[PDB]
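As they're listed, the protein sequences go chains A and A'. A prime marks a further copy of an entry chain.
Its first residue numbered 1, the first sequence is counted upward by one per residue in the entry's author numbering.
Its first residue numbered 1, the second sequence is counted upward by one per residue in the entry's author numbering.
Using N, Cα and C, we set each Cβ at its ideal position, and we do this for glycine too.
Protein chains: 2
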Amino acid sequence: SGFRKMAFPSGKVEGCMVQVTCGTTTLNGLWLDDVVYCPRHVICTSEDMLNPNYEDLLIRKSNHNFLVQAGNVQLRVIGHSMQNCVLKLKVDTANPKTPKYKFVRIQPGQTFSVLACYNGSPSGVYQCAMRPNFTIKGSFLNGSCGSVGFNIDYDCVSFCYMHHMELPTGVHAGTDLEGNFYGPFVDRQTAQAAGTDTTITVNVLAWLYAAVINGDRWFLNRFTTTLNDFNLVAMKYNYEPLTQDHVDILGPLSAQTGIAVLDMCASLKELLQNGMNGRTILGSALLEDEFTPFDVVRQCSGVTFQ
Amino acid sequence: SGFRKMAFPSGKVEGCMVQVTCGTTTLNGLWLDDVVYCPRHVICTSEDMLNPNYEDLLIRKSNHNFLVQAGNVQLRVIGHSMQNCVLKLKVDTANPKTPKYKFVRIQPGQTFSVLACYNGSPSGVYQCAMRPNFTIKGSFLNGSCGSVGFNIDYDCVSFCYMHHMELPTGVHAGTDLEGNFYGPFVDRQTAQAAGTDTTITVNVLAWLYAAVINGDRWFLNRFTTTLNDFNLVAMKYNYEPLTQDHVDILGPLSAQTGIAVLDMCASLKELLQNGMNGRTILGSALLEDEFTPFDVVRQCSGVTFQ
Ligand SMILES: *[C@H](O)[C@H](C[C@@H]1CC=NC1=O)NC(=O)[C@@H]1[C@@H]2[C@H](CN1C(=O)C(Oc1ccc(Cl)cc1)Oc1ccc(Cl)cc1)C2(C)C
Ligand SMILES: *[C@H](O)[C@H](C[C@@H]1CC=NC1=O)NC(=O)[C@@H]1[C@@H]2[C@H](CN1C(=O)C(Oc1ccc(Cl)cc1)Oc1ccc(Cl)cc1)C2(C)C
């Protein structure tokens, strides 16, 4: 029993974190095989980052300009190249701690674990969702660039996020490991804003199913609703539309608890229309949307990773 | 910017987890140097755990009854002994991944990270507080016994918790690594209940300071209050008393933000008396109490561990 915002064990990623220094800038890099991946704005200076021309900035660079440190062991850069918004530093040693891995790009609505890092040293781990507006509500201070987000399936690390910047609402933006930004953001210090967000509807329903599995049932009801009449209510609470695919995803949870998906939407409808009225659900006084249907089955069933 | 319930990187602990099997029971053990620590109710059967006599049960045991598996490598038990509610299995190999460590017992109100484990394989990591009633609100399924809780300071792991049981309200109880229970609980399947809980007052104030550091200020006010007049209000919202020591702990946070501790108590007083009125604080609609003043400074300053 219980339900916690749970991250993957971070060990396999901790062994890949290194410190990358170029001149005055220091940030984190990800060392897999004989390549170190890091944000390309490491080549930038303070006066550069207002409107940089990275291709120009990089041809003026040499390998020996890049100080790569894996703990207290130096790393020798033997090549470099730009891939979109990331830099790939080829080094003379392959990381013997390289796990089985994949570079995957996730969808808004999906979750992942973030290993926050400073000076190549891991600071903490936590769970995040990719917001519908392609931002993440992280916890990042200066120096955290190059920290990565990831999921683990069995023994394989699927890297999905590298941190690049903080936006003025306190939210965070970054790239997949191929260097392509999530959302309409650029690694320049120009005026940028997140874009209006919505609540991840299928995730709320998953979390309501976790609550039922854990003995919270006060929000249940005898009512029902059609998928279209629910979506009419979702649109007005700035929830995003529920699809038949989302209904299908929620199948196992519906089967496990005996509550048809559409019945749970009737519950969400009333919760949106009435609030919670001093009650809580899974220790929260808000409708939580950063748990996927997968996350719920993971935690409410006890799957591990090896 | 941002504020997340953040766990320590779990790598150093992942390398210590092993699977301990005795007859029909399988649970997790903690392998440090040449000792494996695990819950003593691993020696128990189904019919045993209603009222066991562990000393009797253990003399009927031999080393070869204990199957210890470190991944897919067997471990040879060469001795065993009971220490309070934990079992210490001496094995023929020292764990070469043994980190620098300490066995520490924490206070109610303090936090720690939990590496949830099944069959010696880590499943996930999350942050917990020790409740005033000596329970923890964890996420634990059958097979999770022997999972440990811990803090990391620089390179040293201070183990503070080993999981033993779930109570009927869905909360969890366990021991320090010397085998002594937190709270009035016993590793027997007799009727037991958690005992009435309170809210950790100093932690709420710390979290209010984190909110201010992160730009939430709507709950601030010009009022003030004496420590005694606050404690009179705390007692009636079932918050526990605030001490001058707690005021002292909150000093740096008060200095960083310019809000005297007693002024922040006046804010908490009004929040208790009025609620939040549709607003949120750090993405929560409830007053959060599982962040210590240390946790806040950690996250709002960016300290790492190596
Ligand atoms: C990398 O270590 C660092 C991590 C940031 C710093 C604090 N939290 C984080 O996640 N990233 C950066 O510094 C990037 C880097 C240049 C600018 N930048 C930003 O995150 C951010 O810079 C500011 C942050 C806060 C303030 Cl008050 C002012 C600037 O960039 C933007 C700020 C504001 C807008 Cl409207 C757009 C971008 C880059 C992007 C090369
Ligand atoms: C160890 O793997 C396991 C972990 C538990 C199981 C589910 N979540 C957990 O944290 N621990 C135990 O099984 C211990 C073990 C014997 C009993 N026990 C309990 O956690 C618990 O057992 C029950 C759980 C749920 C129900 Cl519906 C019924 C029993 O023990 C108690 C239950 C109820 C009371 Cl009032 C008191 C104890 C022990 C304690 C030797």
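Fully enclosed by the region 146-223 of chain A, which beta strand (DSSP E) runs are 3 residues long or longer?
Correct list: 148-153, 156-166, 172-175.
May I ask whether a heavy atom of ligand 1 can be found less than 7 Å away from the beta carbon of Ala266/A?
Residue mapping note: residue 266/A aligns to position 266 of the first sequence, counting from 1. No, since every heavy atom of ligand 1 falls outside the 7 Å radius drawn around the Cβ of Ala266/A.
Nearest-angstrom Cα separation, counted from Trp31/A' out to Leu67/A':
Here residue 67/A' refers to the residue found at position 67 when the second sequence is read from its first residue. Here residue 31/A' refers to the residue found at position 31 when the second sequence is read from its first residue. One alpha carbon belongs to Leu67/A', the other to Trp31/A', and they sit about 13 Å apart.
Alpha carbon to alpha carbon, how far is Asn65/A from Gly138/A'? Give it in angstroms, no decimals.
Indexing the second sequence from 1 puts residue 138/A' at position 138. Indexing the first sequence from 1 puts residue 65/A at position 65. If you draw a straight line from the Cα of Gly138/A' to the Cα of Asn65/A, it is about 48 Å long.
Contact between the region 89-97 of chain A' and the region 158-176 of chain A' is defined here as three or more beta-carbon pairs at a separation below 8 Å; is this criterion met?
Verdict: no, contact absent.
For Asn277/A, is the classification buried or exposed, using 16 other Cβ atoms within 10 angstroms of its Cβ as the cut-off for buried?
Numbered from its first residue, the first sequence carries residue 277/A at position 277. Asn277/A is exposed by the Cβ-count criterion.
Taking only heavy atoms of ligand 2 into account, decide whether any of them is closer than 7 Å to the Cβ of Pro9/A.
Start at 1 with the first residue of the first sequence, and residue 9/A comes out as number 9. No, ligand 2 has no heavy atom inside 7 Å of this Cβ.
Is DSSP giving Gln299/A helix, strand or coil here?
Looking up residue 299/A in the first sequence gives position 299. Here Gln299/A sits in helix by DSSP.
Check the C-beta distance from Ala206/A' over to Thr135/A' and give it rounded, since I have them as a contact under 8 Å.
Locating residue 206/A' in the second sequence gives position 206, where the first residue counts as 1. Locating residue 135/A' in the second sequence gives position 135, where the first residue counts as 1. In this structure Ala206/A' does not touch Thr135/A' by the C-beta definition: roughly 21 Å separates them, more than the 8 Å allowed.
List the residues that DSSP assigns as beta-bridge partners of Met82/A.
Here residue 82/A is taken as the residue at index 82 of the first sequence, counted from 1. Looking at the DSSP output, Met82/A bridges to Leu87/A.
Near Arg4/A', which residues of its chain fall below 8 Å by C-beta distance, leaving aside the five closest residues on each side in sequence?
Walking along the second sequence from the start, residue 4/A' turns up at place 4. By the criterion of a C-beta distance shorter than 8 Å, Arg4/A' is surrounded in its chain by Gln299, once the five residues flanking it on both sides are discounted.
Within the continuous alpha helix (DSSP H) that includes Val36/A', where are the two ends?
Position 36 of the second sequence holds residue 36/A'. No alpha helix (DSSP H) holds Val36/A'; the beta strand (DSSP E) holding it covers 35-39.
Can you round the beta-carbon distance between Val86/A and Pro39/A to whole angstroms, since I take them to be within the 8 Å contact cut?
Position 86 of the first sequence holds residue 86/A. Position 39 of the first sequence holds residue 39/A. Contact between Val86/A and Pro39/A holds: their C-beta atoms lie close to 6 Å from each other, under 8 Å.
Starting from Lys100/A', trace the beta strand (DSSP E) in both directions and tell me its first and last residue.
For the purposes of this step, residue 100/A' is taken as the residue at position 100 of the second sequence. 100-103 is the extent of the beta strand (DSSP E) around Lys100/A'.
C-alpha gap between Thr98/A and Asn51/A', whole angstroms
As a first step, residue 98/A is located in the first sequence; it is residue number 98 there, counting from the start. As a first step, residue 51/A' is located in the second sequence; it is residue number 51 there, counting from the start. One C-alpha to the other measures close to 49 Å.
What residues from chain A' crowd round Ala285/A, counting only those whose CB sits closer than 8 Å?
Against the first sequence, residue 285/A aligns to sequence position 285. Ordered by position in chain A', the residues that pass the 8 Å Cβ test against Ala285/A are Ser284, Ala285, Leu286.
Does the Cβ of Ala194/A' lie closer than 7 Å to at least one heavy atom of ligand 2?
As a working mapping, residue 194/A' is identified with position 194 in the second sequence. No.
Does the distance between the C-beta of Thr190/A and the nearest non-hydrogen atom of ligand 1 fall short of 7 Å?
Position 190 of the first sequence, counting from 1, holds the residue named residue 190/A. Checking every heavy atom of ligand 1 against the Cβ of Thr190/A, one is found closer than 7 Å.
When Cβ atoms are compared, which residues of the region 202-226 of chain A fall closer than 9 Å to chain A'?
So the close ones are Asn214, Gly215.
Name, please, each residue of chain A' whose Cβ falls closer than 9 Å to the Cβ of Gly146/A.
Indexing the first sequence from 1 puts residue 146/A at position 146. In chain order: nothing, as chain A' lies at least about 13 Å away.
Indicate whether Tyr118/A and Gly149/A have their beta-carbon atoms separated by less than 8 Å.
For this step, residue 118/A is matched to residue 118 along the first sequence. For this step, residue 149/A is matched to residue 149 along the first sequence. Not in contact: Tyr118/A and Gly149/A (Cβ atoms no closer than 8 Å).
Verify the contact flag: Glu166/A', CB atom, against every heavy atom of ligand 2, threshold strictly below 7 Å.
Mapped onto the second sequence, residue 166/A' falls at position 166. Within the cutoff, so yes.
Got a sec: does ligand 2 put a non-hydrogen atom nearer than 7 Å to the Cβ of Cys145/A'?
In the second sequence, residue 145/A' corresponds to position 145, counting from 1. True, at least one ligand heavy atom lies under 7 Å from that Cβ.
Helix or strand or just coil, what does DSSP make of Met264/A'?
Position 264 of the second sequence, counting from 1, holds the residue named residue 264/A'. Assignment of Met264/A' by DSSP, reduced to helix, strand and coil, places it in the helix class.
List the DSSP bridge partners of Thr26/A'.
Looking up residue 26/A' in the second sequence gives position 26. Partner residues in the beta bridge of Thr26/A', as assigned by DSSP, are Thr21/A'.
Contact criterion: CB-CB distance below 8 Å. Does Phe140/A' meet it with respect to chain A?
Position 140 of the second sequence, counted from the first residue, corresponds to residue 140/A'. Under the 8 Å criterion on CB atoms, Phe140/A' is classed as interfacial with respect to chain A.
Given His246/A', which residues of its chain have a CB within under 6 Å of its CB, disregarding the five upstream and five downstream residues?
By one-based count along the second sequence, residue 246/A' stands at place 246. Same-chain partners within the cutoff: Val202.
Take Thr280/A' as the anchor and find which of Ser113/A', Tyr237/A', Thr243/A', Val212/A' has the nearest alpha-carbon.
Locating residue 280/A' in the second sequence gives position 280, where the first residue counts as 1. Of the listed residues, the one whose Cα sits closest to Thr280/A' is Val212/A'.
Check whether the Cβ of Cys117/A' lies closer than 7 Å to any heavy atom of ligand 2, and answer yes or no.
Residue 117/A' sits at position 117 when you count from the first residue of the second sequence. No, since every heavy atom of ligand 2 falls outside the 7 Å radius drawn around the Cβ of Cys117/A'.
Just to confirm my understanding: we take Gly251/A, look at its own chain, exclude 5 residues before and 5 after, and list those with CB closer than 8 Å. What are they?
Working through the first sequence from its first residue, we reach residue 251/A at position 251. Counting only Cβ-Cβ distances below 8 Å, and skipping sequence neighbours, we find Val261.
For the alpha helix (DSSP H) holding residue 312/A', just list the boundary residues, first then last.
No answer is possible for residue 312/A': the residues shown for chain A' start at 1 and end at 306.
Interface residues of chain A facing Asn277/A' [CB-CB closer than 9 Å]:
Here residue 277/A' is taken as the residue at index 277 of the second sequence, counted from 1. By Cβ distance, chain A contributes nothing, its closest Cβ being about 12 Å from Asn277/A', past 9 Å.
Can you give the Cα-Cα distance for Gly71/A' and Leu27/A, rounded to whole angstroms?
Locating residue 71/A' in the second sequence gives position 71, where the first residue counts as 1. Locating residue 27/A in the first sequence gives position 27, where the first residue counts as 1. The alpha-carbon separation between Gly71/A' and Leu27/A amounts to approximately 34 Å.
Does any CB atom of chain A' fall closer than 8 Å to the CB of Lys61/A?
For the purposes of this step, residue 61/A is taken as residue 61 along the first sequence, with counting starting at 1. So, not an interface residue.
So, does the CB of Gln74/A fall closer than 8 Å to a CB anywhere in chain A'?
Translated into positions along the first sequence, residue 74/A becomes position 74. Not closer than 8 Å to any Cβ of chain A', the Cβ of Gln74/A fails to qualify, so no.
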